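> once you've seen the sequence and the experimental structure below, I've got questions.
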Amino acid sequence: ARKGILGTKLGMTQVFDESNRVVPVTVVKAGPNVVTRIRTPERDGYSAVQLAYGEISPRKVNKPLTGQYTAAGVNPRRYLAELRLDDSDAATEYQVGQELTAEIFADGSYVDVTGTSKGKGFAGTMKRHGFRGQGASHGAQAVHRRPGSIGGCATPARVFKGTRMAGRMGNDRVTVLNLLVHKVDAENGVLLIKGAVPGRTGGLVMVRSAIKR
Amino acid sequence: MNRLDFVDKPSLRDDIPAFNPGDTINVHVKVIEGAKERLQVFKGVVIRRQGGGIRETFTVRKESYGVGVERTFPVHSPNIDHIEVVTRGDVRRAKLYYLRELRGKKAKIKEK
Amino acid sequence: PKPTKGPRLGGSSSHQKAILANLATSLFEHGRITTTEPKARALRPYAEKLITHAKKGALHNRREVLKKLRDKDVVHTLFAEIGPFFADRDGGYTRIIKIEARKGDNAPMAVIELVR
Amino acid sequence: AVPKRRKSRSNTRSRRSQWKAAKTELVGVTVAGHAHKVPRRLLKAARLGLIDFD
Amino acid sequence: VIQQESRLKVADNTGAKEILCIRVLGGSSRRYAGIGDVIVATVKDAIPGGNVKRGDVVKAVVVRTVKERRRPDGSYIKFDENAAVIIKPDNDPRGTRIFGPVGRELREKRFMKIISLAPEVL
RNA sequence: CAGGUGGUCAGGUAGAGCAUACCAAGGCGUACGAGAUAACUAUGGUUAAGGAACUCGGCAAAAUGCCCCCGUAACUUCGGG
RNA sequence: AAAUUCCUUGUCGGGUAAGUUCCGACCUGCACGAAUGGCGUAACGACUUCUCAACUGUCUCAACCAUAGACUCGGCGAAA
RNA sequence: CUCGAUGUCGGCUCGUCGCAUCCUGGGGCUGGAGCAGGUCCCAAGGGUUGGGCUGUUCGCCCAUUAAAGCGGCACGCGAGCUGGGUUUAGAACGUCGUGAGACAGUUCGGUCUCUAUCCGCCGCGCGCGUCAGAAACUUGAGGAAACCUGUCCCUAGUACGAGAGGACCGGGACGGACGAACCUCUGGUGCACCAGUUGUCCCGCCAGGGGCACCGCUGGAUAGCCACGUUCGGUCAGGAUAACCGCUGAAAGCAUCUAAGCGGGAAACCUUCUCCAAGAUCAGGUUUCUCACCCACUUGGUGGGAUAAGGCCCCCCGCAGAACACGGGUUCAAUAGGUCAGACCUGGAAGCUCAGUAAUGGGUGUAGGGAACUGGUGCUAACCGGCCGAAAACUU
Ligand SMILES: [Mg+2]
Ligand SMILES: [Mg+2]
Ligand SMILES: [Mg+2]
Ligand SMILES: [Mg+2]
Ligand SMILES: [Mg+2]
Ligand SMILES: [Mg+2]
Ligand SMILES: [Mg+2]
Ligand SMILES: [Mg+2]
Ligand SMILES: [Mg+2]
Ligand SMILES: [Mg+2]
Ligand SMILES: [Mg+2]
Ligand SMILES: [Mg+2]
Ligand SMILES: [Mg+2]
Ligand SMILES: [Mg+2]
Ligand SMILES: [Mg+2]
Ligand SMILES: [Mg+2]
Ligand SMILES: [Mg+2]
Ligand SMILES: [Mg+2]
Ligand SMILES: [Mg+2]
Ligand SMILES: [Mg+2]
Ligand SMILES: [Mg+2]
Ligand SMILES: [Mg+2]
Ligand SMILES: [Mg+2]
Ligand SMILES: [Mg+2]
Ligand SMILES: [Mg+2]
Ligand SMILES: [Mg+2]
Ligand SMILES: [Mg+2]
Ligand SMILES: [Mg+2]
Ligand SMILES: [Mg+2]
Ligand SMILES: [Mg+2]
Ligand SMILES: [Mg+2]
Ligand SMILES: [Mg+2]
Ligand SMILES: [Mg+2]
Ligand SMILES: [Mg+2]
Ligand SMILES: [Mg+2]
Ligand SMILES: [Mg+2]
Ligand SMILES: [Mg+2]
Ligand SMILES: [Mg+2]
Ligand SMILES: [Mg+2]
Ligand SMILES: [Mg+2]
Ligand SMILES: [Mg+2]
Ligand SMILES: [Mg+2]
Ligand SMILES: [Mg+2]
Ligand SMILES: [Mg+2]
Ligand SMILES: [Mg+2]
Ligand SMILES: [Mg+2]
Ligand SMILES: [Mg+2]
Ligand SMILES: [Mg+2]
Ligand SMILES: [Mg+2]
Ligand SMILES: [Mg+2]
Ligand SMILES: [Mg+2]
Ligand SMILES: [Mg+2]
Ligand SMILES: [Mg+2]
Ligand SMILES: [Mg+2]
Ligand SMILES: [Mg+2]
Ligand SMILES: [Mg+2]
Ligand SMILES: [Mg+2]
Ligand SMILES: [Mg+2]
Ligand SMILES: [Mg+2]
Ligand SMILES: [Mg+2]
Ligand SMILES: [Mg+2]
Ligand SMILES: [Mg+2]
Ligand SMILES: [Mg+2]
Ligand SMILES: [Mg+2]
Ligand SMILES: [Mg+2]
């Protein structure tokens, strides 16, 4: 039974616990989801559950996407993702039309948090891959941040594939494992999650229960 | 006003006195030494306030045995028992970093 | 206002202080200015904050406009005629219109003017 | 680094055909009782007499 | 934070006044030592007629640090000099008393003898 | 064409100064532009804690810097240093 | 043991936590030597060499900022 | 092979592979009591330090470490860098030569050029395809990435040992290194922020300000970006195995791990964890939407024209960004700017007034100024619009 919710990174603050230690927390607004679709292995080949999140105006959802919310009896949402389950015991708890709130997670639980990391543009090999670069003095000529060598010589007469070079960095799918759930505020739909969460403030965030605990 | 003010509002400590940089302050710090839970006092000059509400810090500075010491505490921290305002200082800055290179008579603040 | 993200107008940032100060002087004098489009964009929060001083209209607001404008004749008409004209309007005292680009470097031109 | 060989007619033409001007959209304008065509970003100025039609 | 070739003020009456850090003990290729960490050091300056002489290789423990140290309650401590105390191999000081205050992080590092001798443990 | 080319005139405020900073008289904005927060390169600036651990080598950078008053070593060819 | 010493990082003392370089000697001078001068020498050197204080992005270990480029648009338009 | 040029030592940067294994992992034997080892067998997943001396490679040394492995790749790597050394022209010393000069003898000094065409490599788009045209969510064939390890505690001063010493296996705590995300904290930066101040010029003058001097300099500094910072990770469980250890059992009345058959078994291999992924041309799956005209003809699975769903350009912007792309919005609109109030940063504005001979100081007044963050507000610009875009059949 792997649980799961969609939400928004609201940014960071800090809180104190019972032993008066400071706790850096990230505020995820694990908002009220709804199901809209179930994947069964007889129909779909595998087992999962869709989740729909985010208030949107019904004039912004086009006609093909409105007909999919119409078949599930749900007002159209902004985001839509699946929670992949194991093959056994698919949706004996999930029903199409069911509302899911923040308090499926308990205090002291552990969660995997996945999101889209922040865009860093075209990055160089020092920023992107952690290279050292050449020196700043003792004669070094215009190679202070340049990569150095990119291979051998006439054997082999090529550059090997997967060689670390400059290019675009960020905007990746990043999962952070084993984050402590410090507090779930059911009054506001807010999870206080110890540590950092990938993405900018305002971004879509998927919060699943941890497999490694 | 901020987005995360509803998170921080049940965590703020009332009954913290008003003090500016330049004041002389007693800080009553909870200390755990094995299984004793005593209370140690840090007396010094406030040199910094870095704002932010629940994330607001302050720095206090004293001179112990020819060695200057600075402690930085969170305002609204529960390991502070209470804060007592000894002396009101009269300064023109807000960060007072120039006291780090002064000693003795020259490191003394006025009395308003 | 929000500072420039990217290279500043006219090379340095001290040249940009004078480009905004000379364009606001010419705007408040003629009511309408033809310039390149990135300068018309950069003039709009600059010039509207000077009209907000002239709407308040005290001596401390006049000393604050004179920090940016080195021309007393146009400081007069901002406080005597432009400021009292916009007393009933809450922001948005200017307007940018897009013009055909100029021959020679194909720079996108734009005009900027006060509303009525 | 100089070029090693001259390019063939096939290889120089494939690159050179991607140097081409992007045309712009034109919408309709009636000013002073005259039907003209301007690009859409110039539509407000065309209605205010700020555009010369030569 | 103290690494190799840093010079520290010796804060006991062993006879030394200045030591140069050689290693930061506590693992392969460990960079920095803060309050509570053990150093291999050499004596650079010493009082005439002392227990320790210039050129002796000793072991020390850092007790004061100019760089701020985070404590688990969100507090910070900062001194104005980088200081050390020369110790025996059973973590007891070679001297008989400590000068200046010491940081409290020596308590979980089992330096009970230096805490008892110290004038002020913050 | 960022190079080279002898002589004469040479104002103000600060300053020891024909240095330097700002200005006068008088000249000029000098001949591709307009935009845009990519890497990277050049030219500048700043940097916690440490302080030559860098490197063939303190290369480059940083540092010292003025005026008045005290005070000043080995050695020396008696001047110096 | 040298602007000269091959063997060679000779050996001994000093300096360093550690010194094939440096200073002090020793003499076994491969291959020192008295106007192709011998041994000293105050002052002086953009000279070579070794050490110290101060000082720092030289480095541990990099991060940020502005400008001229690179980059987009329009104009002109080469070269190996 | 190359002389109508294939740049030679060391270092730096970035690597990749081998195993003849240095550490960590599994074993056999031992002149293996224990703890430590010696020797052989298996094993390449990760790891494998900082300095002094020398141009050095190498080597010795200092302080550590679980360990400080050995080789290949033009003794990898100069259209990536350095130039100490070798190996031009200057000059000196020793030695040889009558001499000009010479020396794997020494010494000091001595220009490192190039706008990347093609393949390769890192990124990013345009086109067409996937048998109608579109929109949303996905399967994973096959890949990429990652993989390190210590100390103390309990078991236990028990096993073993005359003693000195001192465990395996299991359990727990806190580390070092590396990496990823992030900006709450701390720390850095700050070129339209606030303040102080020097020179000078100007705003007619006073007052209050501005230009210039590296942002003139100095003390601060929200946002963004960041590490010196904060959190998290390499978990555990299988499957098939290596060396090795067996079970049953012949050929060969005994015996034998093997010939039939069945087990145990490691950081290697395959799953599981994270990420890419249908141009995977075998171009997949589940869904939803449009589901429609008109003309000409040589009547063709013809050529046009107009549309639907949908999309694109334009436009307002972005914490998305080289261009492009992606994301948000476009009046039923809070998208950017303005404006109003907060947050925060600076630190007590101007004018008036009182005190002092004045420099200055108190009051008015947590003042005034102000960018990034949050919220209201329909004031400005998101417009009175263009371009694209839907189907022969037949066989069973
Ligand atoms: Mg960016
Ligand atoms: Mg570097
Ligand atoms: Mg160059
Ligand atoms: Mg350079
Ligand atoms: Mg090459
Ligand atoms: Mg504050
Ligand atoms: Mg900026
Ligand atoms: Mg330009
Ligand atoms: Mg300036
Ligand atoms: Mg000329
Ligand atoms: Mg001349
Ligand atoms: Mg003069
Ligand atoms: Mg001059
Ligand atoms: Mg010219
Ligand atoms: Mg830039
Ligand atoms: Mg520094
Ligand atoms: Mg410092
Ligand atoms: Mg020092
Ligand atoms: Mg030194
Ligand atoms: Mg060195
Ligand atoms: Mg070195
Ligand atoms: Mg220099
Ligand atoms: Mg300098
Ligand atoms: Mg001398
Ligand atoms: Mg010798
Ligand atoms: Mg010598
Ligand atoms: Mg000698
Ligand atoms: Mg002879
Ligand atoms: Mg003679
Ligand atoms: Mg002679
Ligand atoms: Mg002579
Ligand atoms: Mg001379
Ligand atoms: Mg280095
Ligand atoms: Mg062009
Ligand atoms: Mg050839
Ligand atoms: Mg290798
Ligand atoms: Mg083997
Ligand atoms: Mg063995
Ligand atoms: Mg390996
Ligand atoms: Mg593996
Ligand atoms: Mg040295
Ligand atoms: Mg080679
Ligand atoms: Mg090699
Ligand atoms: Mg080389
Ligand atoms: Mg002769
Ligand atoms: Mg030769
Ligand atoms: Mg040489
Ligand atoms: Mg290139
Ligand atoms: Mg696969
Ligand atoms: Mg990163
Ligand atoms: Mg913040
Ligand atoms: Mg900070
Ligand atoms: Mg200002
Ligand atoms: Mg004045
Ligand atoms: Mg001027
Ligand atoms: Mg900040
Ligand atoms: Mg296994
Ligand atoms: Mg996917
Ligand atoms: Mg393939
Ligand atoms: Mg498909
Ligand atoms: Mg869009
Ligand atoms: Mg405001
Ligand atoms: Mg006042
Ligand atoms: Mg008076
Ligand atoms: Mg006053």
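That came in fine, so what should we check first? Residues are numbered from 1 along each chain as shown, chains lettered A, B, ... in the order given. Ligands and ions are numbered 1, 2, ... in the order given.

> now the strands for chain A?
A:4-16, A:22-29, A:33-34, A:38-39, A:48-55, A:77-84, A:99-100, A:110-116, A:121-123, A:167-169, A:173-185, A:190-194, A:204-209 (DSSP state E).

> distance to residue E:96 and mean neighbour count added to those strands, as CSV?
(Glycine included, C-beta is placed from N, CA and C.) Compiled in CSV, the strands of chain A are given as follows (distance: least, CB to CB, whole Å; neighbours: other CB atoms under 10 Å in any protein chain shown):
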stretch, distance to residue E:96, mean neighbour count
strand A:4-16, 41, 21
strand A:22-29, 39, 21
strand A:33-34, 69, 22
strand A:38-39, 76, 19
strand A:48-55, 68, 20
strand A:77-84, 67, 16
strand A:99-100, 68, 16
strand A:110-116, 51, 21
strand A:121-123, 57, 11
strand A:167-169, 58, 14
strand A:173-185, 47, 16
strand A:190-194, 46, 23
strand A:204-209, 58, 21
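
> quick one: name whatever helix or strand follows the host helix or strand of residue E:84.
Under the criterion of DSSP states H and E, residue E:84 resides in strand E:83-87. Along the chain past strand E:83-87, the next helix or strand (assigned with DSSP H and E) turns out to be helix E:112-117.

> now that next one: buried residues?
E:113-115, E:117 (16 or more other CB atoms under 10 Å in any protein chain shown).

> just curious, which of those residues is nearest to residue B:82?
Of all the buried residues of helix E:112-117, the one with the least separation from residue B:82 (CB to CB) is residue E:115, at 26.4 Å.

> so which bits of chain D are right by chain B?
For chain D, no residues are found near chain B under the criterion CB under 8 Å from any CB of the partner chain.

> list, one by one, the residues from chain D near RNA strand G.
With the criterion set to CB under 7 Å from any atom of the strand, chain D comes near RNA strand G through D:1-3, D:21.

> residue A:112 contacts residue A:211, correct?
Yes. Using CB atoms under 8 Å, residue A:112 makes contact with residue A:211 at a distance of 7.2 Å.

> who's in contact with the residue in chain D that chain E sits nearest to?
For chain D, the residue positioned closest to chain E under CB to the nearest CB is residue D:1, at a distance of 41.3 Å. When the contact criterion is CB atoms under 8 Å, 6 or more residues apart in numbering or on different chains, residue D:1 has no partners at all.

> mind giving me the packing neighbours of the helix or strand harbouring residue D:45?
Assessed by DSSP H and E, residue D:45 sits inside helix D:43-46. If you count contacts as 3 or more CB pairs under 8 Å, 6 or more residues apart in numbering or on different chains; DSSP states H and E, helix D:43-46 packs onto strand C:94-98, strand D:27-30.

> other residues contacting it?
By CB under 8 Å, 6+ apart, the surrounding residues in contact with helix D:43-46 are C:97-100, C:111, D:27, D:29, D:31, D:36, D:38, D:51.

> I'd guess residue C:40 is in a helix, am I close?
Yes. Residue C:40 forms part of a helix when assessed by DSSP: H, G, I helix; E, B strand; the rest coil.

> does residue B:12 touch residue B:54 like I think?
Yes. Contact between residue B:12 and residue B:54 holds when scored by CB under 8 Å: they sit 5.9 Å apart.

> those two: who's more crowded?
Just comparing residue B:12 and residue B:54: by other CB atoms under 10 Å in any protein chain shown the higher neighbour count belongs to residue B:54, 20 against 13.

> confirm that one sits in a helix?
Yes. Residue B:54 sits within a helix when classified using three-state DSSP.

> what's near enough to touch the nearest residue to it once chain neighbours are set aside?
Closest residue in space to residue B:54, ignoring its immediate chain neighbours: residue B:8 at 4.2 Å, by CB to CB, 6 or more residues apart in numbering or on different chains. Residues in contact with residue B:8, defined by CB under 8 Å, 6+ apart, are A:13, B:53-54.

> now flag whichever of those residues is closest to ligand 6.
Minimum distance to ligand 6 across those is 10.6 Å, recorded for residue B:53 (CB to the ion).

> find the nearest non-adjacent residue to that closest one, please.
Once flanking residues are discounted, residue B:53 sits nearest to residue B:8: 5.9 Å by CB to CB, 6+ apart.

> so the one you found: helix, strand or coil?
helix.

> and the helices in chain C, which stretches?
Per DSSP state H, chain C carries helices over the ranges C:13-30, C:37-56, C:59-65, C:72-77, C:83-85.

> the residue nearest in space to the middle of chain D in helix, strand or coil?
Against the mean C-alpha coordinate of chain D, by CA atoms, centre = their mean, the closest residue is residue D:23 at 3.4 Å. On the three-state scheme (three-state DSSP), residue D:23 is labelled coil.

> ok but residue B:99 is inside a helix, no?
Yes. When the secondary structure is assigned by three-state DSSP, residue B:99 falls within a helix.

> OK, contacts around it?
Listed by CB under 8 Å, 6+ apart, the contact set of residue B:99 reads B:45, B:47, B:61, B:107.

> in these, find the pair that's most separated.
Using CB to CB, the contacts of residue B:99 span at most 10.8 Å, a distance reached by B:47 and B:107.

> residue A:47: how many residues sit nearby?
Using other CB under 10 Å, residue A:47 has 17 neighbouring residues.

> how close does the spatially closest residue to it that is not a sequence neighbour sit to residue A:160?
Counting by CB to CB, 6+ apart, residue A:90 is the residue found nearest to residue A:47 once chain neighbours are left out, at 4.3 Å. Using CB to CB, to the nearest Å, one gets 44 Å for the distance from residue A:90 to residue A:160.

> of those two, which one has the most company?
A count of neighbours by other CB under 10 Å puts residue A:90 above the other of residue A:90 and residue A:160, at 19 against 9.

> how close does that one get to residue D:40?
Residue A:90 sits 52 Å away from residue D:40 when distances are taken as CB to CB.

> again with residue A:115
38 Å.

> closest residue of chain B to chain E?
Nearest to chain E, among the residues of chain B, is residue B:72, at 3.8 Å (CB to the nearest CB).

> contacts only, for the residue nearest to that residue when sequence neighbours are not counted.
Closest residue in space to residue B:72, ignoring its immediate chain neighbours: residue E:76 at 3.8 Å, by CB to CB, 6+ apart. For residue E:76, the set of contacting residues under the criterion of CB under 8 Å, 6+ apart consists of B:70-72, E:68-70.

> cool, residue E:109 as well?
Contacts were defined as CB under 8 Å, 6+ apart; by that measure residue E:109 touches E:36-37, E:61.

> quick one: the residues you listed as CSV, columns for neighbour count and secondary structure too.
Formatted as CSV, those follow (neighbours: other CB atoms under 10 Å in any protein chain shown; DSSP: H, G, I helix; E, B strand; the rest coil):
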residue, neighbour count, secondary structure
E:36, 20, coil
E:37, 21, coil
E:61, 23, strand
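
> wait, doesn't residue B:67 sit right on residue E:102?
No. Here residue B:67 does not reach residue E:102: they are 9.9 Å apart, not a contact under CB under 8 Å.

> many thanks, I have nothing further to ask.
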